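Shown next, in structure tokens, is the structure this report addresses.
Here the Cβ positions follow ideal geometry from the backbone for every residue, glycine too, while neighbour counts run over all protein chains shown. Bear in mind that the values in this text are calculations on the coordinates, not laboratory data.
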Ligand code: SF4
Ligand code: SF4
Ligand code: SF4
Ligand code: SF4
Ligand code: FES
Ligand SMILES: [Mg+2]
Ligand SMILES: [Zn+2]
């Protein structure tokens, strides 16, 4: 996963030993990461055709 | 440490027990009330106190990464023991 | 004149002496902070607000650095970001891993500013510091391992509360915040240190572990525990009142609330009236139905009429309930309507609002030059008014003088004896303080309404009005400044006086009633010893304290947190309490109860909804529907002329306030008496330790 | 027939309430002195016309519009209520 | 478990139970929290 | 301010479309009762159609009237094509809801509702 | 392009019940700043929320029950005028609260060491 | 290298900007605004009555062969006078590109149906109508697609409650399913998650 | 890694691991968890109500990911079908009984898979 504790949670050992990691785990699992404003349409070739998300 | 209410109903570790006039006791007729017999408060009271010769000790609950976040307890107050509040574990400096 | 500074290249005109933080605030950028509070003095120690000036090689503390002409502030520059990251790194290097077991949790400035301005990883490979916890009373819980030594509590304590028992002992990394001795920080403004502490070192002890910030629903209502009318926010969760927090109103509240307001919310969960009650053959109170209770009360109301019908309004009643009871008693031509608090009716009386209002508003104290307090203890009667006086004292050298008992206010004041003879002496001109008031550019005379409970309240009011008249004659006549003031300690008093209630229960004492409606009247002014034999008593209220024990019929009503209602504070401002929870059990809204009683009795009232009841309120007094307005007409000349014609003699007794100590502060009304936390506070301040 | 109280509502800044304001300033003190036990509640309006409510026995009330009245007109209307005509 | 017995705790059940649904020993839910609001108890002595 | 009309221009044509839809619904109630095997009368169905038309009698915007008749045509073609079941047709009648009190005294007795 | 001299009213189109159209008073306001935090980023947009209704206790499991559809409905608006327009066109009653912004305050670090004024602090 | 940061494509950004200028020049009567997001997505804001000409141009033009309609939906923004925002997503296979066309409408203003430009617009506009209340003028069969028969209200609107106003159960007395006002044993617990500290300074709005 | 029936775990001393932090309640997608807590007799931060509606839960494993003390876990049990709806509305006593019943296997699985977390 992306090595960015403001987006992806830290490891359990880091969360239980590091204050920054514990804070980021708390915030990610309570509030969640903020996403910059904007709209996107991303599509993939799912087995049934184009599957997209706007 | 389970205890029995005056109506014969077991009292949970949260002190929950329906009153005598409470109609909601009907749900237990011809059935049972789910009560956990082990009381964490009683067990942690049964646990002893660890004596360490340091002003500050660290507790992670045992097991390392399988326990709780590591915290530091200041053992300077000689009138009481320092309790790690993640696991309720008491530590103390050697007196006498 | 304004100077031009730049924030990120955007021009902004700021007054000289403005700081970098305030310039960024003007352009809409909130600089991170831990020690800076706009209501407190500038400390500049947490170092979190360091920003870069365009040409300056060195970062500046934005909270303490005045802006210079042509300064470009780079708020989102690399140097500023690195400085924030380093400061947060030090803070979290020594901070403990207590977030899940910490009540600050999801409303912590350390967590949020770490997620927004700090790094996501730790380089601290050493051991952490653990600090012994102090004990400063039963209200504030201290876990000082989480303290970041920002000295917000120390500065607030000293400057705002006038209590200098907080500070830093030791030095270096071993520097600790506390009293250095086993002393309880007991004050009427003790929870605001819980509010201003950015971390979980100072947390509410009654609120401990109960909830988390994201769960709570916020209901913006006002406060009823006193007559200040503080703006609060009630935090609920699954239909249960969880917490009380301050809500900013810079003209009344100013981000602070008293301890009685903050920590008496747990008295709403005990001794509550939930079902209508009547009396059986044995004379014992037993539960019944609304239909039966209202039928009995309506039968009595139909049987009796005229001055045989009385009502006593308590201290936590609202305008809608007051007007509904007034109209219901008027339907039978009855008029024994009274409040359980005395105001002099001789002369103008309650005819003119600028005779019992606090004409100089709470925010108007900051503009005054001299203030004279007569027969009051504002530290306990109105803690936020006393806090405003302390702020004016500190920031303007306001000259405070107190006539009467030397209560321990939080600031130095000039003491004038204990007797109203000094009040007469000032009016005549013998006292030097008369010359002080004459030479004052802005005087203020605040007579506490607790002094009017005396047998000579009319004489005291006449004396202070004469002093104000002497001030007006000697000083310039022109100007909108108002000198005469009245300080109320009861929430419902101003609304009742506006509606037309007769202050004090003297009318009911004069003519004993056959039927008595105790509308939240728990003061015990009138009892069955005074009442005639076999008097019929209906107590409508939310707590069973006095009236419910001595009542024949009991009608459960709603609390302020449970009903949408109107209250008028001591300065005449009207505010609406909103609904946070619903009344427990079979309890109903107060005006709804009165309207249903009228319908059953056959004298149906002309309003069926809250909007219609407030239309009736507008009919009786439009200031009860103009909410945020505080401006009003001045009728001091007429009030003084009407006070002159009839005069009596002042009693030769010292002016002793009802509340001399913080215990008397803690226990004042029904909710506070039913609260366990207030009992803990009283026990702590009496037995110590 | 049995008057119980009088309520005079006047806005403090609108021109239409100038006559009512003059009555309060220079004529209210004499009225109150003659009627010590009569509740004469003077209140404030925002933008509506001035009003004169008279609450009689058993909760009957009559309102008289005081818009653009003079001090003499207000005095005459008020003494009509007290007399009963 | 014969070759690698599990760690023994004083709170682990000594006797295992199968699914007891449809029997009097079945689980019946209830609220585990006390009463939120305490109501006023009128005096038992006469008045007046 | 001039706005794009959905239909009907002024109010007269909207009233005309309302009358057309009312005729279409009025001539359909016997078929609805026959096909769905409703235990209600034809008069009951016509009265329900009249009642549902009458609760929008206060509308003074031609575009709102046009949208209302569009939705009425939609729910009519759901009835004609038997896309609806007897469930929805009888949902129109609220046959299972208890009669809500409407007077102040009863509302005060039952609960805290306005 | 037709001209309509009428106020916008879509209550008949929204599908809301008459009870929840007539007996509902929304509150248009800017939320007060959370006193536990110094941030002011939640006090920038106007909010519209309804009046609190009854919540009772579920006989089973003791949960918090409700019968009010609009208990959790909060709408966000950029302007008091926009919120008022939305409330008017949806037909609910509304109470408007004027936005409260902190008044500007004069700060000075040098006042902590005044020669003759009370602003001198006894501790740092 | 910056392994945790998404790489950018200036070539595609410039190409999209150039094509946006191209279409804006070709259709000044309808195109109101052209934007290129920093992750290389072209977005066109047009007048609501230019839908048919703009879509037909983007489909049939030789230099813009957006022969496929990827998606068609709406967004509800109650703070706007025209709360509903219709969004068209088009895919050009010949040039291996995608485009977005956005228009606006309110409750009482119809939008021309694009079933004569793309056949998928039939069901897409049926869903838009059913879920937001937007009426499409020339639609072969406009009716509800997803909601229950006789369902009142458009649920994807921001002002529509999450649980709606009615709920279903089987009543034994009437021997059929009935619809009654919604009543929840446990109320949906609403959470306030937003932090009071600004996250992205790049998006800060003027105080105004 | 299998996600089956839920369980509340204990420390080896017998003390409950849960500290009423409500991270699982906050992160639960289906809002299946209801938590109420207060200070205990000895001052511990412990729950009084910990309910999981197993007919509302989607068995996604988010609660055991967000737990900082390994209190709430998803055990190996999956054969716990009942005859009545109410029997699937677990409360704190039921979850503690599940933990005491399945502690050995739960501990073994967590030991096996904890280095990947
Ligand atoms: S004060 Fe803040 S950072 Fe420190 S343990 Fe509490 S929530 Fe975590
Ligand atoms: S206890 Fe809190 S307010 Fe006081 S210095 Fe420490 S962090 Fe600041
Ligand atoms: S597995 Fe997922 S849905 Fe189930 S209780 Fe845990 S977090 Fe909630
Ligand atoms: S995440 Fe763990 S410690 Fe926190 S409330 Fe849930 S079970 Fe308890
Ligand atoms: S906020 Fe400026 S140094 Fe603390
Ligand atoms: Mg705090
Ligand atoms: Zn531990």
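Scanning segment D:16-35 for residues that are surrounded by fewer than 14 Cβ atoms within 10 Å (Cβ to Cβ), in contact (Cβ under 8 Å) with a residue 24 or more places away in the chain and outside any loop (DSSP other than H, G, I, E, B) turns up just one, D:26.
Table: residues versus (1) part of a loop (DSSP other than H, G, I, E, B); (2) at negative phi; (3) within 14 Å of chain G (Cβ to nearest Cβ).
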{"residue": "F:12", "(1), (2), (3)": "no, yes, yes"}
{"residue": "F:17", "(1), (2), (3)": "no, yes, no"}
{"residue": "F:34", "(1), (2), (3)": "no, yes, no"}
{"residue": "F:57", "(1), (2), (3)": "yes, yes, yes"}
{"residue": "F:69", "(1), (2), (3)": "no, yes, yes"}
{"residue": "F:87", "(1), (2), (3)": "no, yes, no"}
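Tell me whether segment C:192-203 contains one or more residues that are touching a strand residue (DSSP E or B) at 6+ places or on another chain (Cβ under 8 Å) and farther than 30 Å from residue H:195 by Cα. So far as segment C:192-203 goes, no, none of its residues is touching a strand residue (DSSP E or B) at 6+ places or on another chain (Cβ under 8 Å) and farther than 30 Å from residue H:195 by Cα.
Those residues that are within 22 Å of residue A:27 (Cβ to Cβ) and either more than 12 Å from the chain's Cα centre (by Cα) or more than 9 Å from ligand 4 (Cβ to nearest atom) (or both), I need them from segment I:33-44; list them, please. Result: I:37, single match. Residues of segment H:28-45 that are in contact with a strand residue (DSSP E or B) (Cβ under 8 Å, 6 or more places away or on another chain) and either without any contact (Cβ under 8 Å) to a residue 40 or more places away in the chain or farther than 18 Å from residue H:97 by Cβ (or both): H:30, H:31, H:32, H:33, H:34, H:35, H:36, H:37, H:45.
Residue check: residue H:179 meets all listed conditions (1) closer than 30 Å to residue F:38 by Cα; (2) in contact (Cβ under 8 Å) with a residue 12 or more places away in the chain; (3) over 26 Å from the mean Cα position of the chain (by Cα); (4) assigned to a loop (DSSP other than H, G, I, E, B) but one, namely (4).
Considering only segment A:6-13, I want to know if a residue exists there that is at negative phi, in a helix (DSSP H, G or I) and surrounded by 11 or more Cβ atoms within 10 Å (Cβ to Cβ). Step through it out loud before you land on a result.
The initial filter retains those residues of segment A:6-13 that are at negative phi, namely A:6-13.
Now narrow it down to the ones that are in a helix (DSSP H, G or I): A:12-13.
Still in the list and also surrounded by 11 or more Cβ atoms within 10 Å (Cβ to Cβ): A:12-13.
Yes - at least one qualifying residue is present in segment A:6-13.
Scanning segment C:169-214 for residues that are more than 16 Å from ligand 2 (Cβ to nearest atom) and within 14 Å of chain H (Cβ to nearest Cβ) yields C:211, C:212, C:213, C:214. The set of residues in segment A:11-28 being under 15 Å from the mean Cα position of the chain (by Cα) and within 15 Å of residue I:117 (Cα to Cα) consists of A:11, A:21, A:25.
From the list C:5, C:87, C:42, exactly one residue is more than 16 Å from ligand 7 (Cβ to nearest atom) and assigned to a strand (DSSP E or B). Which is it? Talk me through it step by step, then tell me what you get.
On the way: C:87 fails: assigned to a strand (DSSP E or B); C:42 fails: assigned to a strand (DSSP E or B).
Sole residue among the options that is more than 16 Å from ligand 7 (Cβ to nearest atom) and assigned to a strand (DSSP E or B): C:5.
All of C:599, C:562, C:589 fail the test of being surrounded by fewer than 22 Cβ atoms within 10 Å (Cβ to Cβ) and within 11 Å of another protein chain (Cβ to nearest Cβ), apart from C:599. Just a yes or no: is a residue in segment I:2-21 touching a residue at least 60 places away in the same chain (Cβ under 8 Å), away from ligand 4 (no atom under 14 Å from the Cβ) and touching a helix residue (DSSP H, G or I) at 6+ places or on another chain (Cβ under 7 Å)? Yes, segment I:2-21 has at least one match.
Looking across segment H:119-168, the residues that are in contact with a strand residue (DSSP E or B) (Cβ under 6 Å, 6 or more places away or on another chain) and under 23 Å from residue F:90 (Cβ atoms) come down to H:166, H:168. Residue H:167 fulfils the conditions (1) in a strand (DSSP E or B); (2) away from chain G (no Cβ under 11 Å); (3) surrounded by 13 or more Cβ atoms within 10 Å (Cβ to Cβ) except for a single criterion, (2). For segment H:84-118, a residue qualifies if it is free of Cβ contacts under 8 Å to residues at least 24 places away in the same chain and in a loop (DSSP other than H, G, I, E, B), and the qualifying residues are H:96, H:108.
Report yes if some residue within segment B:57-76 is within 12 Å of chain I (Cβ to nearest Cβ), in a strand (DSSP E or B), in contact with a helix residue (DSSP H, G or I) (Cβ under 9 Å, 6 or more places away or on another chain) and closer than 30 Å to residue C:176 by Cβ; otherwise report no. Yes, segment B:57-76 has at least one match. The criterion of being in contact with a strand residue (DSSP E or B) (Cβ under 6 Å, 6 or more places away or on another chain), surrounded by fewer than 17 Cβ atoms within 10 Å (Cβ to Cβ), away from every other protein chain (no Cβ under 12 Å) and assigned to a loop (DSSP other than H, G, I, E, B) does not hold for residue C:55. When residues in segment C:518-561 are screened for being in contact with a helix residue (DSSP H, G or I) (Cβ under 9 Å, 6 or more places away or on another chain) and without any contact (Cβ under 8 Å) to a residue 40 or more places away in the chain, 4 of them pass.
Scanning segment C:620-640 for residues that are surrounded by 19 or more Cβ atoms within 10 Å (Cβ to Cβ), touching a helix residue (DSSP H, G or I) at 6+ places or on another chain (Cβ under 9 Å) and part of a helix (DSSP H, G or I) turns up C:620, C:623, C:624, C:636, C:638, C:639, C:640. Of the residues making up segment C:99-141, those that are outside any loop (DSSP other than H, G, I, E, B), touching a strand residue (DSSP E or B) at 6+ places or on another chain (Cβ under 6 Å) and within 12 Å of ligand 6 (Cβ to nearest atom) are C:140, C:141.
Which ones in segment C:21-41 are more than 14 Å from chain H (Cβ to nearest Cβ) and closer than 25 Å to residue C:111 by Cβ? Talk me through it step by step, then tell me what you get.
Kept after step one, since they are more than 14 Å from chain H (Cβ to nearest Cβ), are these residues of segment C:21-41: C:21, C:35-41.
Of everything in segment C:21-41, those that are more than 14 Å from chain H (Cβ to nearest Cβ) and closer than 25 Å to residue C:111 by Cβ turn out to be C:21, C:35, C:36, C:37, C:38, C:39, C:40.
A Cβ distance below 8 Å, combined with a sequence gap of six or more or placement on separate chains, defines the contacts here; from segment C:96-124, residues that are farther than 18 Å from residue A:9 by Cα and facing another protein chain (nearest Cβ under 7 Å) reach residues that are assigned to a loop (DSSP other than H, G, I, E, B) and within 6 Å of ligand 1 (Cβ to nearest atom) in the pairs C:109/C:199.
Picking from residues in segment I:16-27 that are crowded, with 21+ Cβ neighbours inside 10 Å and more than 16 Å from ligand 1 (Cβ to nearest atom), the one that is nearest to the other protein chains (Cβ to nearest Cβ) is I:16. Got a sec? Which of C:434, C:392 is within 14 Å of chain G (Cβ to nearest Cβ), part of a helix (DSSP H, G or I) and over 17 Å from the mean Cα position of the chain (by Cα)? That would be C:392, the only listed residue that is within 14 Å of chain G (Cβ to nearest Cβ), part of a helix (DSSP H, G or I) and over 17 Å from the mean Cα position of the chain (by Cα). Residues that are without any contact (Cβ under 8 Å) to a residue 12 or more places away in the chain, within 16 Å of ligand 7 (Cβ to nearest atom) and farther than 30 Å from residue C:379 by Cα do occur in segment C:126-139, at least one of them. So which residues in segment C:217-237 are part of a loop (DSSP other than H, G, I, E, B) and surrounded by 23 or more Cβ atoms within 10 Å (Cβ to Cβ)? Passing the criteria: C:223, C:224, C:225, C:226, C:227, C:228, C:229, C:230.
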